[PDB]
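[1] sharing an experimental structure here, sequence included.
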Amino acid sequence: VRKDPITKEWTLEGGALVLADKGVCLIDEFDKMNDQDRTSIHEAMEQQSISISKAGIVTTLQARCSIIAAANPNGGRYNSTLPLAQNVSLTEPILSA
DNA sequence: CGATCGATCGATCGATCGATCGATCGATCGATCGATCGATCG
């Protein structure tokens, strides 16, 4: 959110997902971010849009981006005897995306 | 007539394990602070 003296209403400036609209968004070390940060990424791939209600601004922006994510398994080594759904903290609904 | 032996059963030492509990280290959600600026007022 940014101020603007010309019109005096709050103006909104987009983040990384808005930039990558009709592009690719790369998230290295995807597991290490918190779930609140990770929740935004999930709804970004599903809806291809950003929904925000902050500073009195309610609007939606286009976020049509492709995602390439790198991560690491729990303990730094992949457990070959357990499924993927039990090797990372990344929850299953986010894996389905 | 009895002297030798290979098998069986009861009992015990012990080496071990499962269920349960409180205690130790740690992730992390919530509270507070701060820094620049803006809107109202004198």
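    Okay, I see it. Numbers count the residues shown, from 1 in each chain, chains lettered A, B, ... in the order given.

[2] pick out the residue of chain A closest to DNA strand B.
    residue A:3 (4.7 Å; Cβ to the nearest atom of the strand). Quick note: C-beta positions are derived from backbone N, CA and C, even for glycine.

[3] excluding covalently adjacent residues, which one is nearest to that residue?
    residue A:10 (6.9 Å; Cβ to Cβ, 6 or more residues apart in numbering).

[4] how about the backbone phi and psi for the one you found?
    phi -60, psi 140 (degrees, to the nearest 10).

[5] right, and it touches residue A:58 too?
    No: using Cβ atoms under 8 Å, residue A:10 is not in contact with residue A:58, being 11.1 Å away.

[6] flag every residue of chain A that's near DNA strand B.
    With Cβ under 7 Å from any atom of the strand as the criterion, chain A meets DNA strand B at residues A:3, A:5, A:8, A:34, A:35, A:36.

[7] what distance do you get for the fourth one to residue A:48?
    With the distance defined as Cβ to Cβ, to the nearest Å, residue A:34 ends up 23 Å from residue A:48.

[8] so which of those two has more stuff around it?
    residue A:48 (13 against 7; other Cβ atoms under 10 Å).
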